[PDB]
Amino acid sequence: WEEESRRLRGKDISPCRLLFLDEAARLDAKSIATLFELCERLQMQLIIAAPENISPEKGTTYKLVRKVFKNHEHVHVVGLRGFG
Amino acid sequence: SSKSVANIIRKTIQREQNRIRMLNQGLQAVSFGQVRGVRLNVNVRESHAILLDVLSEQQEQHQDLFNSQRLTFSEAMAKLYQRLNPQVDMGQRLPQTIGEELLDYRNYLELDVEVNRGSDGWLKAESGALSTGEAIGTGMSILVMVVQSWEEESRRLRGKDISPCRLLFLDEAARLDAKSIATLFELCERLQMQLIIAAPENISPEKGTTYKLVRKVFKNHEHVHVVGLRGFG
Amino acid sequence: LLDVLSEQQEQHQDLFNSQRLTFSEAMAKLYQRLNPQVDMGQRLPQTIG
Amino acid sequence: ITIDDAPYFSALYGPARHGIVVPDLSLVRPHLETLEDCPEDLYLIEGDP
Amino acid sequence: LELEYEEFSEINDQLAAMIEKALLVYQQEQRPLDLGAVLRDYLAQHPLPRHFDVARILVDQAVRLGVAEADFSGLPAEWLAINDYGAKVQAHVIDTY
Amino acid sequence: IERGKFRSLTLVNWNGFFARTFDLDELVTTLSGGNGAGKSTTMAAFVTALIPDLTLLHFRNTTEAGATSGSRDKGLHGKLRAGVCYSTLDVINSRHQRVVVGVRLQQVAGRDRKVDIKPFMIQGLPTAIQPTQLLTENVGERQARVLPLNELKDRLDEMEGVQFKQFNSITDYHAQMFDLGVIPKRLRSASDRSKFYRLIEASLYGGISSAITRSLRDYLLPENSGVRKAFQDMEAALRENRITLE
Amino acid sequence: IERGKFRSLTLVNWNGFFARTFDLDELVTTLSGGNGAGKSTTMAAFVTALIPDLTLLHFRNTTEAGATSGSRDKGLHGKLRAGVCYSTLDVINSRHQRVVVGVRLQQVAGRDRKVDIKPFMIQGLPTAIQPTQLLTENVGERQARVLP
Amino acid sequence: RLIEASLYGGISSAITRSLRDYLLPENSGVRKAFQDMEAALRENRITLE
Amino acid sequence: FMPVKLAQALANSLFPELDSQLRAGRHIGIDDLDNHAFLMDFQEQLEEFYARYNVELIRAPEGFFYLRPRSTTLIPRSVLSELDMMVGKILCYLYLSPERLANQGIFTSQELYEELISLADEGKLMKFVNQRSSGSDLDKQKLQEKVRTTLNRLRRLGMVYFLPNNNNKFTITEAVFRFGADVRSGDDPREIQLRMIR
Amino acid sequence: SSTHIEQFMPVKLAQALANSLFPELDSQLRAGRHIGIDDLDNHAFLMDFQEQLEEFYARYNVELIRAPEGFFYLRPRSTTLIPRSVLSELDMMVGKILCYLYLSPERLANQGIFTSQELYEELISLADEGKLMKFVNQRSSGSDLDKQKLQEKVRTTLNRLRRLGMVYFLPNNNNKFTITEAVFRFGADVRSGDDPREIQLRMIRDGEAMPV
Ligand SMILES: Nc1ncnc2c1ncn2[C@@H]1O[C@H](COP(=O)(O)OP(=O)(O)OP(=O)(O)O)[C@@H](O)[C@H]1O
Ligand SMILES: Nc1ncnc2c1ncn2[C@@H]1O[C@H](COP(=O)(O)OP(=O)(O)OP(=O)(O)O)[C@@H](O)[C@H]1O
Ligand SMILES: [Mg+2]
Ligand SMILES: [Mg+2]
């Protein structure tokens, strides 16, 4: 697709690249390593989700906790870091 | 005739409602994400409730339709049912079949599945209105309902000292969080029911037996190396 | 089929003595012309021509 | 009841297998004189139905 | 408010490092390896609550070294005990490196 | 009291498994390994041994979990290997009788990917003999020889007190399994088989099953004959008369 | 040439989120938390913001994947709360231009669980402005309000 | 289609079935030449019918 | 090719009729035993069949089936009158609890007439007949006429079933809920229905 | 074998119903549109599966018919599952005039492009102008306001015929249009040189036409 649009596009613009994957937990460590190297070689952004932190040493990560609170719901978000 | 048929139907309905109510209690306080309980809601359809009451108490108003020997009993039931709720149409099917349908007690019952989600009350369980884990947990709940019902059904055809085996699966179990897995283990243990679960190593349940698999190439052929652990806890 | 349609009678009649190409085959594709077995619809696919 | 206990129970209850359970048996005493249409030997038992 | 943070522990990675270093000798000498004995000796070096994780990791490291030729004999292996409180293991001896 | 239990699962000459036996836990058994290791293959073996019906058996991929029939391939052929293959279960009843139930599998040769299946059952086996030993010969070669049903029948009949039963129809096989308390309901007819398979496969993939949800009353409520047969007998005189008139 | 990148995602008045902003990563961004935490909801908000075509949008469960169902409910309505809602993206152009795309979402009163969408775009916004603050008014003692 | 298939992951049934439509781009030069031929073939269809 | 079950479904003798009805906009309730059972059995394929027309086949939560056209509908569309919706909302209100004891499911034209007159605002009434009309006999007569007319329309929709005789007495089907209000946790149906009516 | 398309339906019929052209065509056909030779796609489609379509529609108690001129259309029976309607007499006047215009070799040089004014001029040349005006208004006596009203009614009816597929307007100019062969159905009362009464009887018997 990117190649196709080469003519119409202005010379100076390279379009954004981004994909998703839900339930990433279905993949094992070797598979995720393969996926990361593929996407980084192609300057491709990724957004992935899993119940447990499957990628501790790459990129950024957020942890979501839902609290019932005064007869409604509220989500608390905290970041995670590779080393401490 | 008349009243006695209504009484047997009522007692059958009552017994089914009570058994369901007993099954229902085993599923109270099951935690799956924001779901906190599951139920099987049983209700009686109106168009049949009024028919049952009429057959119970207004029989002198319709006896002409019941003792007319030119038509059989099931046909009489079908004709009475059409006399009530006249807007009902019949799809060119024999009145005999509609009669036998009225004779089957199950047709009088309406069944739903409900979940007690979060701050809200009891809601009908729709897949699109739940997260992934909640859906998996609800599915397991309904499955154990079915298994218990089937065991109660068949025991009248089995030996007095026989108790069938019970076993269920779960593929890609990594989709459930630790709390949900604890809930599921509690359920199966209380139900004496075995489980076989597959996960790409992400989960390590301490109780039970574990098998480690590794696929290799040996003498130019695919081969699976297997190791086992158990007894921890 | 592109070779069949491209190369015409007068020059390539000396080429046409091969068993695979002839003129009538363009009309033989009239059978294929009527309806190919397309499945999913978007835009507008119609026929061999 | 299962097939294994069926013969035992049938022997135990004997002719009374097809009696009726009625927890008082004094409430029938007034009704009883009216029974002109019944099997020649009717059995009644007291207990929680 | 502003986002907070939380950090991971590397204790299990360290554990994997000690085990792999301790196990490398078997391959280098091509010495036959028995999971029963190795697990029984190695669990003695840690307290009971951590045994399960140690067993898992040790098995993960050991299976990469060769195969057990007995697996093609059609004869199942026995469940060997490896500690008190009743933990068991099932595996044939590793012969083909 | 003392509910029965599944004791073990055995695979012979499947893709990646020449001869393997899994000792099942009383509560939970966990299969673990990297992608493509063969976990789903073991569950495929279990269910195919449980319900040997090629009309129902369809091992679609976990992704695309809910789609239509689609391809003509049922996904089973590729899990076998050339030659003869087996899948067997070992069970202990409340009576503590040891019964072994299983099927024999073979790739049917042809352009298409088809399979041949034959159920069987063994009773009275000593506790000292394992399935893998029954089904293989320890010939001089590095690897044993899997022995067909003829050799197996001859080998078993030689034993004292051991009975080998080989079935011609799935109905008989399910009848025997029910009589011994291996399944909770006796699969009268193909419809019953379909519902039982629905239950198993819905559990396997997970989620609120659409089919279970549609027909909820058909699954959760037993059918009662008492309300009916009285009226069939009372109706009989009229039915015969009407038929005679026609 | 320097390829463009997505800087961040913002949610306002979604089911469980009042006003939250996720800062994306250059290569990989991961969302973790127990079942029902809200990960798939974040995915849905992003996609929504990307392709507002209401005809298309259909958020099935992860189970039942690949089954063309025609479900009665597309699953978006329930992820929104009453009142006004937003979903916006901040992007850095290859030209090093900051552009803010997004949508205004709002439930429709009536028996049918329908939803309304209004796209919008912002250009030239100063680098010091955060979308979370731009979309809300500070009313009372640290008790902000959303504005249409 | 693209996005949704990525989100749920795996071999998307719809993508593979129409892979030509997805991957191969369209060419305007082809078209300009084909315009003429288009007219001619339309006319032939007319006649045939 | 074509899916086997879809071919089976549309081969059934009941399909042409149901097709005809559906395309007209008719709603299929639990009353129509055979049609309703047919739809229950073959929904998964009929939904796909009608999607080819850019028209949606919906099963309402109450149980009745109906078609909803998209903007791109291949079937020519038509739209109801204001008076139509008015009446519809009325009927939804009459699907009440005391109805059971009041009429045993069978109403008359006069019930609806008088309810309409009593509950509606004068202005909108006028708007329905003609803005220049003013509380006149003739106006009332025309209103009656229109009522009958619209009622018939509705009967075509399947909302209301006339009892089989020349007189105008009828029963209300469950599908009338399509007119109804949005329901929120704990809200009383009477109040919300009246709130929209106002 | 079981679960096989042939059990329930002929393969060619299923193949036709699965085509991407069918829904459009079906929709149109039901609405009363006639199909001529110019809309190739549709016409060709019709030709390819004629008998299957005929057999199909038969289920509805409607005949899928093919006129000699090569155009398809739907004719409902008395027991039809699909409603049936009749054209107005003004539509007939414009229809028979459009028919004579199609035949006229004198105007063939236009390459089929005609103008509303030419149609109107031909119509008034043949029919009784002042007596035809009665349908526009009971008091019409040749006043220009009434003449313009007649012209507007013509414009309107013509627009309706366009929807039936009997005439196609130009892509950019609406004052000009082109004819199609479907107009020959307006000559069904005279194509055979016989007694008009008997012809009319035959037509009403066949369900082609009703009186007023
Ligand atoms: N029908 C088949 N034909 C060919 N190869 C197959 C077939 N089924 C499975 N395989 C291959 O067998 C190996 C094991 O597959 P299997 O589905 O059992 O893996 P798994 O361990 O369950 O994986 P995961 O849990 O990641 O799904 C894989 O290489 C798979 O490609
Ligand atoms: N349409 C909806 N209507 C009502 N509640 C909904 C809807 N969609 C999601 N929810 C609820 O919102 C919460 C968040 O669900 P969501 O799927 O986003 O969570 P999650 O963390 O991604 O979970 P999982 O990993 O199990 O998929 C859950 O309680 C879910 O039940
Ligand atoms: Mg797998
Ligand atoms: Mg989720």
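All of the numbers you see were taken from the coordinates with simple rules; none came from a lab. Positions of Cβ are backbone-derived with ideal geometry, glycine not excepted, and every protein chain shown enters the neighbour counts.
Just need a number here: residues in the stretch B:195-204 that are surrounded by fewer than 21 Cβ atoms within 10 Å (Cβ to Cβ) and either assigned to a helix (DSSP H, G or I) or within 7 Å of another protein chain (Cβ to nearest Cβ) (or both).
3
Select, from F:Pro184, F:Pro222, the only residue that is in a loop (DSSP other than H, G, I, E, B) and over 14 Å from the mean Cα position of the chain (by Cα).
One residue alone meets the criteria, F:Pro222.
What residue, among those in the stretch F:70-91 that are away from ligand 1 (no atom under 16 Å from the Cβ) and closer than 29 Å to F:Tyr205 by Cβ, is surrounded by the most Cβ atoms within 10 Å (Cβ to Cβ)?
Looking at the filtered set, the residue picked out is F:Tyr86.
Within the set of pairs 6 or more residues apart or between chains, which connect a residue that is away from chain G (no Cβ under 14 Å) inside the stretch F:196-216 to a residue that is charged (D, E, K, R) and part of a loop (DSSP other than H, G, I, E, B) with Cβ atoms less than 9 Å apart?
Within 9 Å, the pairs are F:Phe196/F:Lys185; F:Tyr197/F:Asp53.
From the list B:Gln82, B:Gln87, pick out the single residue that is outside any strand (DSSP E or B), of a type in the set (S, T, N, Q), over 30 Å from B:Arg15 (Cβ atoms) and within 14 Å of chain I (Cβ to nearest Cβ).
B:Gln87
Return yes when E:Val93 is β-branched (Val, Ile, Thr) and crowded, with 18+ Cβ neighbours inside 10 Å and no when it is not.
no
Among the residues of the stretch B:150-172 satisfying the criterion of being within 14 Å of chain A (Cβ to nearest Cβ) and either assigned to a helix (DSSP H, G or I) or not aliphatic (A, V, I, L, M) (or both), which is farthest from ligand 4 (Cβ to nearest atom)?
So the residue we want is B:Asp171.
Report those strands (runs of 3 or more DSSP E) wholly inside chain E carrying at least 1 residues which are within 21 Å of F:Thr21 (Cβ to Cβ), of a type in the set (A, V, I, L, M) and within 12 Å of another protein chain (Cβ to nearest Cβ).
So the answer is E:79-83, E:87-90.
Do any helices (runs of 4 or more DSSP H) lying entirely in the stretch J:97-212 carry at least 3 residues that are closer than 30 Å to J:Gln28 by Cα, and which ones are they?
The qualifying helices (runs of 4 or more DSSP H) are J:116-126, J:144-163, J:196-206.
Can you find, within the stretch B:28-49, the residue that is nearest to ligand 3 (Cβ to nearest atom) among those that are surrounded by 15 or more Cβ atoms within 10 Å (Cβ to Cβ) and under 12 Å from the mean Cα position of the chain (by Cα)?
Once the filter is applied, the top-ranked residue is B:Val38.
Please enumerate the residues belonging to the stretch I:101-119 that are within 21 Å of I:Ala181 (Cα to Cα) and either within 14 Å of chain B (Cβ to nearest Cβ) or surrounded by 17 or more Cβ atoms within 10 Å (Cβ to Cβ) (or both).
I:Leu112, I:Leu116
Given the conditions (1) touching a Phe, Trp or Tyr at 6+ places or on another chain (Cβ under 6 Å); (2) more than 11 Å from ligand 2 (Cβ to nearest atom), which single one is not true for G:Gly75?
Failing condition for G:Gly75: (2).
Going residue by residue through the stretch F:43-52, is there one that turns out to be small (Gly, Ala, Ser), assigned to a loop (DSSP other than H, G, I, E, B) and within 12 Å of ligand 3 (Cβ to nearest atom)?
Scanning the stretch F:43-52, I find no residue that is small (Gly, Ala, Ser), assigned to a loop (DSSP other than H, G, I, E, B) and within 12 Å of ligand 3 (Cβ to nearest atom), so the answer is no.
Within the stretch H:35-49, which residues are surrounded by 12 or more Cβ atoms within 10 Å (Cβ to Cβ) and either under 18 Å from the mean Cα position of the chain (by Cα) or under 23 Å from A:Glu3 (Cβ atoms) (or both)?
Result: H:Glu38, single match.
So B:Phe185 passes all but one of these: (1) among the hydrophobic types (A, V, I, L, M, F, W, C); (2) out of contact with any helix residue (DSSP H, G or I) (no Cβ under 9 Å at 6 or more places or on another chain); (3) more than 10 Å from chain F (Cβ to nearest Cβ). Which condition number does it fail?
The failed condition is (3).
Return the only residue of B:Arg190, B:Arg175, B:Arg215, B:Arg230 being facing another protein chain (nearest Cβ under 7 Å), basic (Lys, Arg) and in contact (Cβ under 8 Å) with a residue 40 or more places away in the chain.
Answer to the check: B:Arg175.
Would you please name the residue that is farthest from the other protein chains (Cβ to nearest Cβ), looking only at residues in the stretch H:2-33 that are under 17 Å from the mean Cα position of the chain (by Cα) and either hydroxyl-bearing (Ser, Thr, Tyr) or under 30 Å from J:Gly70 (Cα atoms) (or both)?
H:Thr16
What pairs come up if the first residue lies in the stretch G:92-119 and is free of Cβ contacts under 8 Å to residues at least 12 places away in the same chain, the second is of a type in the set (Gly, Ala, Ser), and their beta carbons are under 7 Å apart, counting only those six or more places apart or on different chains?
Pairs found: G:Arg111/I:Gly180; G:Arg111/I:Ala181.
Does any residue of the stretch F:131-140 turn out to be touching a residue at least 24 places away in the same chain (Cβ under 8 Å), more than 30 Å from B:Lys11 (Cα to Cα), among the hydrophobic types (A, V, I, L, M, F, W, C) and within 10 Å of another protein chain (Cβ to nearest Cβ)?
Yes, because at least one residue in the stretch F:131-140 is touching a residue at least 24 places away in the same chain (Cβ under 8 Å), more than 30 Å from B:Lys11 (Cα to Cα), among the hydrophobic types (A, V, I, L, M, F, W, C) and within 10 Å of another protein chain (Cβ to nearest Cβ).
Exactly one of these conditions fails for B:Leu168: (1) without any contact (Cβ under 8 Å) to a residue 24 or more places away in the chain; (2) in contact with a helix residue (DSSP H, G or I) (Cβ under 8 Å, 6 or more places away or on another chain). Give me its number.
(1)
Condition check: farther than 15 Å from F:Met177 by Cβ, within 16 Å of ligand 3 (Cβ to nearest atom) and in contact with a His (Cβ under 9 Å, 6 or more places away or on another chain). Does F:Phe59 satisfy that?
no
What's the total number of residues in the stretch I:27-79 that are part of a strand (DSSP E or B), within 9 Å of another protein chain (Cβ to nearest Cβ) and not hydrophobic (A, V, I, L, M, F, W, C)?
Residues in the stretch I:27-79 being part of a strand (DSSP E or B), within 9 Å of another protein chain (Cβ to nearest Cβ) and not hydrophobic (A, V, I, L, M, F, W, C): 3 in total.
Hey, can you tell me all the residues within the stretch F:73-91 that are more than 16 Å from ligand 3 (Cβ to nearest atom) and in contact (Cβ under 8 Å) with a residue 60 or more places away in the chain?
Listed by number, the residues that qualify are F:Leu80, F:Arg81, F:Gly83, F:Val84, F:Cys85, F:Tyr86, F:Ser87, F:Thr88, F:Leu89, F:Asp90, F:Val91.
Of all residues being among the β-branched types (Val, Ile, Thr) and within 16 Å of ligand 2 (Cβ to nearest atom) in the stretch F:57-72, which is nearest to the other protein chains (Cβ to nearest Cβ)? Just the residue, please.
Result: F:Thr63.
Got a number for residues in the stretch G:34-51 being in contact with a strand residue (DSSP E or B) (Cβ under 8 Å, 6 or more places away or on another chain) and within 13 Å of chain B (Cβ to nearest Cβ)?
So the answer is 10.
For residues that are within 16 Å of ligand 2 (Cβ to nearest atom) and among the small types (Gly, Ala, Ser), tally how many sit in the stretch B:174-233.
5
Hey, does the stretch B:133-145 have a residue that's more than 16 Å from ligand 2 (Cβ to nearest atom), surrounded by fewer than 19 Cβ atoms within 10 Å (Cβ to Cβ), more than 8 Å from every other protein chain (Cβ to nearest Cβ) and not acidic (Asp, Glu)?
No, that holds for no residue.
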